[PDB]
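A short worksheet on the structure shown next.
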Amino acid sequence: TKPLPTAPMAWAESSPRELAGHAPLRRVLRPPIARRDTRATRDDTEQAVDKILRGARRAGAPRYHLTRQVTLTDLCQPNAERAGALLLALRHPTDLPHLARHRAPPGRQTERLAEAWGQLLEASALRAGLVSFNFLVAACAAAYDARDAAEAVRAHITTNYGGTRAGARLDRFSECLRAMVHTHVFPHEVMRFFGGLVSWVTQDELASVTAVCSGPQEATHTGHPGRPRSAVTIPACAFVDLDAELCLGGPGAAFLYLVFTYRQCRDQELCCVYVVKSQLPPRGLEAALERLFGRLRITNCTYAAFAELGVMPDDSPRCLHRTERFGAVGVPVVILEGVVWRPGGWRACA
Amino acid sequence: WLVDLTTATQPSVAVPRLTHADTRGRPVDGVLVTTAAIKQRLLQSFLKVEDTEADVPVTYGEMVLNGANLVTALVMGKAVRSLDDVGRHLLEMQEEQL
Amino acid sequence: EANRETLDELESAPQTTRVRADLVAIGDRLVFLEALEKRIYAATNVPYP
Amino acid sequence: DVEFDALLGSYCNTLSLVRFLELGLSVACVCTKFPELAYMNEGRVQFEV
């Protein structure tokens, strides 16, 4: 409201160029081309009417594409997890038993994926829903490298998620994931990215989650007027850099990816979901997957599958590595800052 | 050794408009810049501080502009006056610089 | 001041005179139509270029 | 384009005018001048001891 650091205070208002650009156009002149040569409220609500006029007398500011979905609360819990997590949409699981009959190699149990998925519906009930990312880490927790922080993921899920026997949801869905790779229906063929959390609506057995399917993060008016701010949080088992592991320490915008690792063995099949931060082209990424993860190459068609997730627009991108609280549980959480979401498609194996 | 520093440089061309000086007004010929670890050393044994407050100029400089003066002048109609305005607007413009 | 003087001459100087020269209209354009071998090269062994 | 200017804070010292009679060496001379020396042949100086 017109302060006196004016040249910045007018600069934050959306300039002098728009005044000078309308000066030669509109402020001067008749040229373009011419001839030659009622005590407490009202005025409380009355200035609120004027606030609508203040909303109408005027109106950078980035854009979004907010999305909503009516979502069952079996697998994910938008109440237990705070605003600012990853989310994952799914295909409808009636396509699961038929595609396993044609994509699984000969000699493998194609009945296994339809049976393992059916046991999950009777275990979370003691309809294409949504998988939250923290729930997915405890499922693939039995394949990682840092196993203690994967148990820190498992420490809060069994105590904060709504439902009965959340550990039985975990150990059955992890059995579903071991039935995914065995029936060759890869989880990247099912897991689809759905935007980062901003808010949700509570209801019995289902929740209406809002999310940004494309755009930046922190300037969404969350609904809370004190804090329209919510940082992106990732557990420490999934956060993988390629600036430190490849000695690329230069500044530049850092991309964010999702990466699946596949190990194809007889009834011992591993799954690991990683969030890869990089300064690389997405076409200049598959060679970097060859250098690191050649161990799952031999034990297996590719072992890797990946897609874009978002971009950090910072010159020197800033990350945090803290221990936050999901209720009473201290989890080592990699908090990311300033993320501009742009999704993409997965990449192939067979 | 100090006396060698001071005499190794030949004086420079510029003569400033004003000159940093003492309280008494004696001018100042230059600036030693060291770490503090040395400065403490020198000020005990090897030197004496013969003034405390000095006088320093304030305003920056400016430049005198003799430029190349060019015109692009919108014109409506072609006649001598309209053309002489070119010659006129020149003088107007060169009258402005002074 | 010097430059003003020069603008003061070309302001006050005799501008144009009246001269006989053939002016033919071609297309829409006027033209000086001129052959110099009289006014110049006549009576001088310099060949007409 | 081209540009020009002049400082108002700093002025040069072009000439350093050294006079011989400002020096300490001018004791050891007797600086008497002719305005006519080139017209002169062998001049002589006498001593009586």
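Chains as they are written, first to last, in the authors' numbering: chain Q, 3 to 16, 23 to 45, 76 to 97, 104 to 170, 181 to 354, 417 to 466; chain B, 247 to 344; chain A, 345 to 393; chain G, 51 to 99. Cβ coordinates follow ideal geometry from the N, Cα and C atoms, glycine included.
Task: Rounded C-alpha distance that separates residue 36 of chain Q from residue 24 of chain Q - done: As a position in the first sequence, residue 36 of chain Q is number 28, starting the count at 1. As a position in the first sequence, residue 24 of chain Q is number 16, starting the count at 1. Distance between the alpha carbons of residue 36 of chain Q and residue 24 of chain Q: 16 Å.
TODO: Tell me whether the beta-carbon of residue 131 of chain Q lies closer than 8 Å to the beta-carbon of residue 33 of chain Q.
DONE: Your numbering for residue 131 of chain Q matches position 87 in the first sequence. Your numbering for residue 33 of chain Q matches position 25 in the first sequence. Result no, Cβ atoms of residue 131 of chain Q and residue 33 of chain Q do not sit closer than 8 Å.
Task: Any 3 or more C-beta pairs closer than 8 Å across the region 278-297 of chain B and the region 359-370 of chain A - done: no
TODO: Indicate whether at least one CB of chain G lies closer than 8 Å to the CB of residue 312 of chain B.
DONE: In the second sequence, residue 312 of chain B corresponds to position 66, counting from 1. Chain G, which has a Cβ nearer than 8 Å to the Cβ of residue 312 of chain B, makes this yes.
- [ ] Compute the Euclidean distance between the alpha carbons of residue 160 of chain Q and residue 462 of chain Q, then round it to the nearest angstrom.
- [x] Numbered from 1 along the first sequence, position 116 holds the residue referred to as residue 160 of chain Q. Numbered from 1 along the first sequence, position 346 holds the residue referred to as residue 462 of chain Q. Between residue 160 of chain Q and residue 462 of chain Q, the C-alpha separation is close to 24 Å.
Open item on the list: Measuring only the C-alpha atoms, how far is residue 86 of chain G from residue 98 of chain G?
Closed with: Numbered from its first residue, the fourth sequence carries residue 86 of chain G at position 36. Numbered from its first residue, the fourth sequence carries residue 98 of chain G at position 48. Their Cα atoms are separated by approximately 27 Å.
Task: Delimiting residues of the beta strand (DSSP E) encompassing residue 266 of chain Q - done: On the first sequence, position 212 is the one that residue 266 of chain Q refers to. From DSSP, the beta strand (DSSP E) with residue 266 of chain Q extends over 260-270.
- [ ] Note the first and the last residue of the continuous beta strand (DSSP E) segment covering residue 425 of chain Q.
- [x] Your numbering for residue 425 of chain Q matches position 309 in the first sequence. Element bounds for residue 425 of chain Q: 420-428.
Task: Rounded distance between the beta-carbons of residue 143 of chain Q and residue 158 of chain Q, thought under 8 Å - done: To locate residue 158 of chain Q, count along the first sequence from 1; it is residue 114. To locate residue 143 of chain Q, count along the first sequence from 1; it is residue 99. Contact doesn't hold; Cβ gap of about 10 Å is too wide.
Open item on the list: Can you check which of these residues, Q:430, Q:300 and Q:81, is closest to residue 309 of chain Q by C-alpha distance?
Closed with: On the first sequence, position 255 is the one that residue 309 of chain Q refers to. When only C-alpha atoms are compared, the closest one is Q:430.
- [ ] Evaluate contact between the region 250-266 of chain B and the region 300-310 of chain B, counting only Cβ atoms and requiring at least three cross-stretch pairs below 8 Å.
- [x] yes
Task: Any C-beta of chain B under 8 Å from that of residue 67 of chain G - done: As a position in the fourth sequence, residue 67 of chain G is number 17, starting the count at 1. False, the Cβ-Cβ gap to chain B never drops below 8 Å.
TODO: Alpha carbon to alpha carbon, how far is residue 106 of chain Q from residue 274 of chain Q? Give it in angstroms, no decimals.
DONE: Taking the first sequence and counting its residues from 1, one reaches residue 274 of chain Q at position 220. Taking the first sequence and counting its residues from 1, one reaches residue 106 of chain Q at position 62. Taking the straight line joining both Cα atoms gives about 9 Å.
- [ ] Report buried or exposed for residue 347 of chain A, applying the criterion of at least 16 other Cβ atoms within 10 angstroms of its Cβ.
- [x] As a working note, residue 347 of chain A is residue 3 in the third sequence. Result: exposed.
TODO: Would you grab the beta carbon distance between residue 343 of chain Q and residue 311 of chain Q for me? Rounded to a whole angstrom, and I think it's under 8 Å.
DONE: The count along the first sequence starts at 1 and reaches residue 343 of chain Q at position 289. The count along the first sequence starts at 1 and reaches residue 311 of chain Q at position 257. About 10 Å separates the two Cβ atoms, so there is no contact after all.
Open item on the list: Just verifying my parser: in three-state terms, what is the DSSP assignment at residue 186 of chain Q?
Closed with: On the first sequence, position 132 is the one that residue 186 of chain Q refers to. Strand at residue 186 of chain Q.
Open item on the list: Counting only beta-carbon separations shorter than 8 Å, does residue 330 of chain B have a partner in chain A?
Closed with: Indexing the second sequence from 1 puts residue 330 of chain B at position 84. For residue 330 of chain B, the answer is yes, since a Cβ of chain A falls inside 8 Å of its Cβ.
Open item on the list: For residue 374 of chain A, would you say it is in contact with chain B, using Cβ-to-Cβ distances shorter than 8 Å as the test?
Closed with: On the third sequence, residue 374 of chain A is found 30 positions in, with the first residue counted as 1. By this cut-off, residue 374 of chain A is not an interface position.
Open item on the list: Check this for me: beta carbons of residue 127 of chain Q and residue 242 of chain Q, under 8 Å apart or not?
Closed with: Within the first sequence, numbered from 1, the residue matching residue 127 of chain Q stands at position 83. Within the first sequence, numbered from 1, the residue matching residue 242 of chain Q stands at position 188. Not in contact: residue 127 of chain Q and residue 242 of chain Q (Cβ atoms no closer than 8 Å).
Open item on the list: So, does the region 294-303 of chain Q touch the region 263-274 of chain Q, judging by three or more C-beta pairs under 8 Å?
Closed with: no
Open item on the list: Could you check whether residue 325 of chain B and residue 60 of chain G sit closer than 8 Å to each other, using their CB atoms as the reference points?
Closed with: Counting from 1 along the fourth sequence, the entry for residue 60 of chain G is found at position 10. Counting from 1 along the second sequence, the entry for residue 325 of chain B is found at position 79. No, these two residues do not count as a Cβ contact at 8 Å.
Open item on the list: Between the alpha carbons of residue 220 of chain Q and residue 92 of chain Q, how many angstroms are there, rounded?
Closed with: Stepping through the first sequence from its first residue, residue 220 of chain Q is reached at position 166. Stepping through the first sequence from its first residue, residue 92 of chain Q is reached at position 54. Cα to Cα, residue 220 of chain Q sits roughly 50 Å from residue 92 of chain Q.
TODO: Can you pull the chain B residues whose beta carbon is under 9 Å from the beta carbon of residue 351 of chain A, in chain order?
DONE: Position 7 of the third sequence holds residue 351 of chain A. Correct list: 330, 333, 334, 336 and 337.
Open item on the list: Using a Cβ distance threshold of 8 Å, determine whether the region 281-293 of chain Q contacts the region 442-451 of chain Q, with at least three qualifying pairs required.
Closed with: yes
Task: Supposed contact pair residue 167 of chain Q and residue 223 of chain Q - C-beta distance, whole angstroms, cut 8 Å - done: For this step, residue 223 of chain Q is matched to residue 169 along the first sequence. For this step, residue 167 of chain Q is matched to residue 123 along the first sequence. Between residue 167 of chain Q and residue 223 of chain Q the Cβ distance is about 6 Å, and since that is below 8 Å, they are a contact.
- [ ] Determine the DSSP secondary structure at residue 331 of chain Q, reduced to helix, strand or coil.
- [x] One-based indexing of the first sequence puts residue 331 of chain Q at position 277. Correct three-state label for residue 331 of chain Q: strand.
Open item on the list: Taking the alpha carbon of residue 276 of chain Q as the reference point, which residue from Q:258, Q:254 and Q:214 has its own alpha carbon closest?
Closed with: Here residue 276 of chain Q refers to the residue found at position 222 of the first sequence. Comparing Cα-Cα distances from residue 276 of chain Q to each of Q:258, Q:254 and Q:214, the minimum goes to Q:254.
- [ ] Give the interface partners of residue 307 of chain B over in chain G, defined as CB-CB distance under 9 Å, in chain order.
- [x] Counted from its first residue, the second sequence places residue 307 of chain B at position 61. Per Cβ cutoff of 9 Å: 57, 58, 59 and 60.
- [ ] Determine the closest residue to residue 353 of chain A out of B:258, B:342, B:341 and B:330, with distance taken between C-alpha atoms.
- [x] Numbered from its first residue, the third sequence carries residue 353 of chain A at position 9. With distances taken between Cα atoms, residue 353 of chain A lies closest to B:330.
- [ ] Would you identify the three-state DSSP class for residue 450 of chain Q, choosing helix, strand or coil?
- [x] Looking up residue 450 of chain Q in the first sequence gives position 334. Residue 450 of chain Q: strand per DSSP, three-state reduction.
- [ ] Determine the extent of the alpha helix (DSSP H) in which residue 227 of chain Q is found, giving its start and end residues.
- [x] Reading the first sequence from its first residue, position 173 is the one you call residue 227 of chain Q. Per DSSP, residue 227 of chain Q belongs to the alpha helix (DSSP H) from 220-236.
- [ ] Within its chain, find whatever has a CB closer than 8 Å to the CB of residue 307 of chain B; leave out the 5 residues flanking it on each side and keep chain order.
- [x] Position 61 of the second sequence, counted from the start, is the residue given in the question as residue 307 of chain B. Here the set comprises 263.
Task: Buried versus exposed, by CB contacts within 10 Å (16 or more), residue 103 of chain Q - done: Along chain Q, the last residue before the gap is 97 and the first after it is 104, so residue 103 of chain Q carries no coordinates.
- [ ] Would you mind stating whether residue 339 of chain B and residue 317 of chain B have Cβ atoms separated by less than 8 Å?
- [x] Numbered from 1 along the second sequence, position 93 holds the residue referred to as residue 339 of chain B. Numbered from 1 along the second sequence, position 71 holds the residue referred to as residue 317 of chain B. In this structure, residue 317 of chain B lies closer than 8 Å to residue 339 of chain B by Cβ.
- [ ] Run the CB neighbour count on residue 211 of chain Q, radius 10 Å, all protein chains shown included, and call it buried at 16 or more, exposed below.
- [x] For this step, residue 211 of chain Q is matched to residue 157 along the first sequence. The residue is buried, with at least 16 neighbouring Cβ atoms inside 10 Å.
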